[PDB]
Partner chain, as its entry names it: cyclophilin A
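Next up: a single chain in structure tokens, the form deposited without its partner chain.
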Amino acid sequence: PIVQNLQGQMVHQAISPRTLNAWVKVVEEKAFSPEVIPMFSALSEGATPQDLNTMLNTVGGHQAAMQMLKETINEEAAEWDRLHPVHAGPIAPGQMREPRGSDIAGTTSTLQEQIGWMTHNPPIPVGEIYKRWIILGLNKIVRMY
């Protein structure tokens, strides 16, 4: 995740193993219940797309629900791309590129790119956008049961 230190410096840290452990245990008890959503949010403050994927990867042992979630992510990512069809290059040399849907979902962007977006002034909040897609997904799974 990205944390802000006392000087206002945004600093990246790798995801906590204790965070992953708590997430797996949460899902063991509440996988199909509405509380899985605020617990996901509780455990992902400042999370990068890469963090979010690492979290999903640990609960990968659910198959059908995870397929549903991956479908919702792909849907939302398509939708992002339709609203923001990528240009051939950035506005000028030195500028970050605009994220595509797969950049937000962390499958075609590097952690360095994610950090660059998230620490922009003001933030290009790719972790929060992805979290929204994941939550929409978790919501469908709990509705479905």
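The term rigid core refers to the most C-alpha atoms you can superpose between the two forms while keeping them within 1.5 Å. Residue numbers count along the first chain shown, from 1.
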item	value
Segment of higher mean CA temperature factor, 36-44 or 61-69	61-69
Stretch with the higher entry mean CA B-factor, where the candidates are 124-132 and 17-25	17-25
Selection by C-alpha B-factor (highest) of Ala31, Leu83, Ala88, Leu111	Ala31
Options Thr54, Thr119, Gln95, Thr107 - largest CA temperature factor per the record	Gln95
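Not on display, but discussed next: the form deposited with its partner chain bound.
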{"item": "Its partner chain contact at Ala78 in the bound PDB entry, heavy atom, 4.5 Å", "value": "no"}
{"item": "Partner contact for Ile91 in the bound PDB entry: its partner chain, 4.5 angstroms, heavy atom", "value": "yes"}
{"item": "Touches its partner chain in the bound PDB entry: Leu111 (any heavy atom, 4.5 Å)", "value": "no"}
{"item": "Large Cα shift (2 Å or above) at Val86 between this form and the one not shown, core-fitted", "value": "yes"}
{"item": "Did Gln95 shift 2 Å or more between this form and the one not shown, C-alpha, core superposed", "value": "yes"}
{"item": "Cα distance between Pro125 and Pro90, which in the bound PDB entry differs by 3 Å or more from this form, closer or farther", "value": "farther"}
{"item": "Pair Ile91/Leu111, Cα separation in the bound PDB entry versus the displayed form, closer or farther by 3 angstroms or more", "value": "closer"}
